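Lettering follows sequence order; numbering is per chain, from 1. We use all heavy atoms of the structure for the numbers below, so side chains are in, but hydrogens, waters and symmetry mates are not. When a ligand or atom number is given, it counts from 1 through the structure's own listing order.
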Amino acid sequence: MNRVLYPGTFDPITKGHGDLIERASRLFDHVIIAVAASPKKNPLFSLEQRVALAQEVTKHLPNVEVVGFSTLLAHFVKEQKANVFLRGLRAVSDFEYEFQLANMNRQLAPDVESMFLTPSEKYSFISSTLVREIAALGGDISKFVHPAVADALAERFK
Amino acid sequence: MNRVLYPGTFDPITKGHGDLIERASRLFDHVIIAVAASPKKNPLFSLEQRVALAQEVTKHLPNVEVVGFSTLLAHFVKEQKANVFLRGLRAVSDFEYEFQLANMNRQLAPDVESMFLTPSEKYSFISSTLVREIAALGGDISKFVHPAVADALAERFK
Amino acid sequence: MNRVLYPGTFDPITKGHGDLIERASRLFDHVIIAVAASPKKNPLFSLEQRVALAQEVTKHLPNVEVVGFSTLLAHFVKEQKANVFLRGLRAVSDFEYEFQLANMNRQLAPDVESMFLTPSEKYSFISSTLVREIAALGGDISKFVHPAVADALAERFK
Ligand SMILES: CC(=O)SCCNC(=O)CCNC(=O)[C@H](O)C(C)(C)COP(=O)(O)OP(=O)(O)OC[C@H]1O[C@@H](n2cnc3c(N)ncnc32)[C@H](O)[C@@H]1OP(=O)(O)O
Ligand SMILES: CC(=O)SCCNC(=O)CCNC(=O)[C@H](O)C(C)(C)COP(=O)(O)OP(=O)(O)OC[C@H]1O[C@@H](n2cnc3c(N)ncnc32)[C@H](O)[C@@H]1OP(=O)(O)O
Ligand SMILES: CC(=O)SCCNC(=O)CCNC(=O)[C@H](O)C(C)(C)COP(=O)(O)OP(=O)(O)OC[C@H]1O[C@@H](n2cnc3c(N)ncnc32)[C@H](O)[C@@H]1OP(=O)(O)O
């Protein structure tokens with residue numbers, strides 16, 4: 001059996017992440033979305049909000065579950081007994097921080113594989129930072145994110 | 001007529017920008033330098049100062065106008081009725097980012113073209129960030145910027 | 001004689017820099033590890049702590065000495081009378097930033113050469129930032145740093 005763990009800040013989750021999750025839920029028996037606290041990033045949404053938004057966006061996929069965590073990813077992946085890390089690779093960078101992330105996690109969790117997917121072309125170039133900045137200036141982001149996310153961002157900047 | 005809009009933070013405008021603007025005024029009938037507030041960047045100079053510096057550096061160019069804006073670029077370009085985005089490309093450098101930026105603005109402003117110029121060999125490798133940091137440590141920055149900008153940098157840290 | 005200066009924040013110094021330093025001490029008569037204050041990065045360790053960790057890690061190399069500084073690199077290098085800048089490329093970070101750095105320093109210190117080494121494959125993916133983050137979450141970092149650094153990181157986070 002394969003259990004893949006998709007770790008990220010998801011602030012917020014976008015159509016880019018969702019495409020990747022869609023594809024991964026058809027490949028693997030179990031997909032865990034691991035939302036990291038990432039306090040250093042000063043996230044726009046709270047961990048609970050990010051987990052909840054990610055849950056809403058994935059509610060239709062039976063083998064996908066969402067959980068938040070504040071610990072070391074290499075510890076958390078053993079705790080989840082997942083044998084595969086999922087990360088998305090868009091163009092291009094980083095990427096190289098992803099190569100660096102994978103090689104450092106290989107030392108800390110040797111039995112976990114690091115694997116990459118690339119999003120549909122249509123949802124590449126979608127970045128959570130840019131979704132946030134467009135929303136904060138009142139731009140329409142409905143083509144970059146799910147409607148609950150769009151609503152959450154709109155209400156957030158009021 | 002083409003009305004080209006060149007949007008940046010310009011903190012401060014450098015000889016790299018100035019080169020691009022010289023080149024852009026020779027290609028297009030109307031060039032608007034759109035100086036972004038960019039509060040996330042915590043600019044060294046105020047928007048009002050950054051606009052005054054850009055005005056000073058381009059006042060000799062009759063088809064070039066400068067304005068500050070704090071709104072969504074995709075909204076502001078319509079209020080300005082420009083049909084072309086100008087951006088500069090240097091060493092890699094923030095080049096992925098220009099594709100992603102262009103991609104997302106093509107969704108938000110479908111009718112506006114996105115185009116790129118490159119500055120002379122001589123003004124590549126000039127970053128407004130390194131100019132700020134060198135000046136803040138009392139390094140001589142006069143060879144990276146126009147003289148009014150050099151004075152403002154000197155006065156900025158006294 | 002060649003006197004090479006190796007500047008960085010070294011927060012903290014890793015086996016990644018130590019490999020570069022080892023290689024440099026066998027090429028040059030004199031190697032200076034220049035630790036930058038870098039107040040903006042808000043370093044985990046104080047300047048004085050980072051200088052001490054760097055001394056501990058290199059004290060077995062007689063031609064290598066460590067010093068801290070808070071001034072402009074281009075002036076400090078004149079103070080140390082070094083004619084060579086050493087910079088490492090922690091794999092493929094942004095050699096374009098190192099270029100922008102080198103050519104701007106070419107303007108401020110024309111008599112100093114910029115030179116680059118790459119670390120052994122084994123240490124080319126160690127990031128002091130990620131070491132700080134793994135250590136802060138109680139992860140084992142003994143495979144990325146010298147034992148004094150591991151001890152120092154351990155004491156820093158309980
Ligand atoms: C060696 C190690 O163990 S690392 C030690 C430090 N920390 C930890 O262990 C705690 C765990 N931390 C994490 O899991 C984090 O998710 C990290 C460190 C893996 C990566 O940070 P992320 O949350 O993925 O955000 P990311 O680095 O991708 O930057 C956010 C951007 O990437 C996108 N993004 C966010 N999360 C992801 C993701 N999981 N996968 C792909 N893309 C993502 C967003 O669209 C966003 O767009 P932007 O570039 O304009 O901002
Ligand atoms: C979807 C989107 O378009 S964003 C939606 C939300 N935000 C907005 O709408 C705000 C609208 N304004 C903007 O987004 C800003 O103008 C931006 C990001 C397009 C431009 O910001 P920038 O000026 O490029 O800041 P940035 O630091 O990234 O500049 C990169 C480098 O190129 C130089 N530079 C500054 N402005 C420009 C410019 N317009 N073009 C080319 N180079 C520039 C600088 O010297 C800078 O050097 P540095 O990185 O060492 O500081
Ligand atoms: C040089 C000029 O005058 S331009 C103005 C800039 N600054 C000054 O004048 C003051 C002097 N400042 C310095 O010397 C600084 O060290 C700098 C800006 C030149 C370099 O900063 P860095 O120490 O490389 O820090 P960086 O932002 O890359 O982050 C530290 C990382 O760099 C790595 N690192 C630090 N120094 C080096 C180095 N000399 N070579 C290769 N890698 C390095 C570490 O692996 C660490 O890993 P990380 O990216 O995961 O955190």
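Nearest protein heavy-atom neighbour of atom 35 (C) of ligand 2: B:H17 CE1, 3.1 Å. When only non-hydrogen protein atoms are considered, atom 48 (P) of ligand 2 lies nearest to B:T129 OG1, 3.2 Å.
Below 3.5 Å of separation, one finds no N or O of C:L20 facing any N or O of ligand 3. Ligand 1 has an N or O atom lying under 3.5 Å from an N or O atom of A:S128, backbone or side chain.
Heavy-atom proximity to C:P7, at under 4.0 Å, picks out these atoms of ligand 3: 14 (O), 36 (N), 38 (C), 39 (N). Per-residue contacts place A:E133 under 4.0 angstrom from the following atoms of ligand 2 (heavy atoms of the residue considered): 6 (C). Every atom of ligand 3 is numbered from 1 in the order shown, and the set under 4.0 Å from a heavy atom of B:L137 is 8 (C), 9 (O), 10 (C).
Residue nearest to atom 12 (N) of ligand 2, selected from B:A36, A:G139, A:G138, B:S93: B:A36 (by heavy-atom distance).
A salt bridge is defined here as a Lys NZ or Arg NE, NH1 or NH2 lying under 4.0 Å from an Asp or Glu carboxylate O, and C:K15 with C:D19 fails to meet this definition. Salt-bridge check for B:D11 with B:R132: passed, with a basic side-chain N closer than 4.0 Å to an acidic carboxylate O.
When heavy-atom distances to ligand 3 are checked against a 4.0 Å cut-off, C:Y97 comes that close only through its side chain, counted from C-beta outward. Only the side chain of C:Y6 comes within 4.0 Å of ligand 3, judged by heavy-atom distances.
Within a 4.0 Å radius of atom 29 (O) of ligand 1, the protein contributes no non-hydrogen atoms.
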